[PDB]
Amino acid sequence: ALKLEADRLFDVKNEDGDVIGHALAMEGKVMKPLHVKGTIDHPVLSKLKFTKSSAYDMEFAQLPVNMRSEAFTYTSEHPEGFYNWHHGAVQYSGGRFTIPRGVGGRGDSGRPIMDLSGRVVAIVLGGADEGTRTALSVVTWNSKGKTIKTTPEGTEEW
């Protein structure tokens, strides 16, 4: 098994070039958390006209006809249990996505949480530590395509 995947996850860098977040190609668009102020490290994507959505901390542009194929697929059905992401396992219970304490931080905004069939279930924005875990502030869409944002008490944007 070789992890040969399309180009869908992109870095957003700050003025001196530090990775401060992530952008993703999904459902025909390139989206990135609005709070992440930097540039998408991509010669084509960085020149697109992005549309702001402050109510959801989202910013998006339309995928160039070509790249439209190189993208993730979303899914609004997330039964409780475990999910995957860059750092390992993400748990979903009580309507909340949690990871262990001390794992999330700067650079993790824009990162997707996915299921075993490789579909995106959510996009990470920040986290609020509660006891031995961290409750994630994520963006998700429902069955009727409505964007939804969940933000725990005391959430700190990553």
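In this text, residue numbers run from 1 along the sequence as written.
Set 10-18 against 141-149 and average the Cα temperature factors; 141-149 ends up higher. For the segment pair 42-50 and 60-68, the entry gives 60-68 the higher mean B-factor, averaged over Cα atoms.
Per-chain ranking of the deposited C-alpha B factor places residue 93 in the highest third. Residue 133: CA B factor lies in the middle third for its chain, per the PDB record. In the deposited entry, the Cα temperature factor of residue 84 sits in the bottom third of values across the chain's modelled residues.
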